[PDB]
């Protein structure tokens, strides 16, 4: 029964079977109660502040060939771009002028910048008195060390899928073992570390989703980014089914229940698959939003999946828009960098 699974979630009995059953029950009443539980846990542990992370997608060049991703190297039907270091720093400064307290630098795995150009950019942005998060993919330990010395605070490296077999199939350049080793290295070097997964990948099962939740709980990540798989027409997965929004939302809710003090974004992919999806997600366990700060004419070229929102508006619209969102949700913008504030418990 749903009521018993809720009770067990409330008492923190996070067994495999309780998670499977939560993910398998499709009853509306159960789902709504699960979302209310996550919302309430969010409020109690991380409060009403919604932390704004301004993301600059500074290059869409990638050396990898992930099957799901529109930036994969085999996609010849994409105009590739690279922002200059000066452009990146000045665009970051503009976001800080607009009130961002974290700058996220994201790219394809583009060798050009690595490691020294990144280091230089990080140092310049850190002078602005904000947190810096990197989301650059898999690189040697030495690169991660250089970036940490340069002042980077956080690193986002979604684990994608905790099924090693599925991982290697979808990400043929690498492996789950490699991805995990990167995540462990980042944690050792003192980054606030983010992981997370896609929901509704071709071949992914409900037991796989359970294993994603258990993986996340085991390593106690600071941030967890979850969104649905959205097929891209210039990829091998073009004809596969999109991930289900509701199931994805349940994954966010369960993540908050499992990791009550973590930082959990309402991802752009959630807002792409359903109009108003980020706002829903912020009411079902999430506490972070990542407005797109990539400038025109590049923004529209950073196409991991189609239909991405925030492309038609002026390139400074997103920060004001999320501030309006936060207000209409009855929430508050973050006052500090929004680092993880651990609540030690039993």
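Residue numbers count along the first chain shown, from 1.
For the pair 234-242 and 253-261, the mean Cα B-factor is higher in 234-242. As listed in the deposited structure, the average C-alpha B-factor of 52-60 and of 294-302 is greater for 294-302.
Reading the B-factor column for the CA atoms of 90, 177, 142, 138 in the entry, the top value corresponds to 177. When the Cα B-factors of 153, 110, 222, 207 are read from the PDB record, 207 comes out highest.
The deposited CA B-factor of residue 78 belongs to the highest third of values across its chain.
Ranked by C-alpha B-factor against the other modelled residues of its chain, residue 70 falls in the middle third. The deposited CA B-factor of residue 279 belongs to the lowest third of values across its chain. Sort the chain's modelled residues by C-alpha temperature factor and residue 314 lands in the highest third, per the entry. Among all modelled residues in this chain, the alpha-carbon of residue 200 has a temperature factor (C-alpha) in the highest third.
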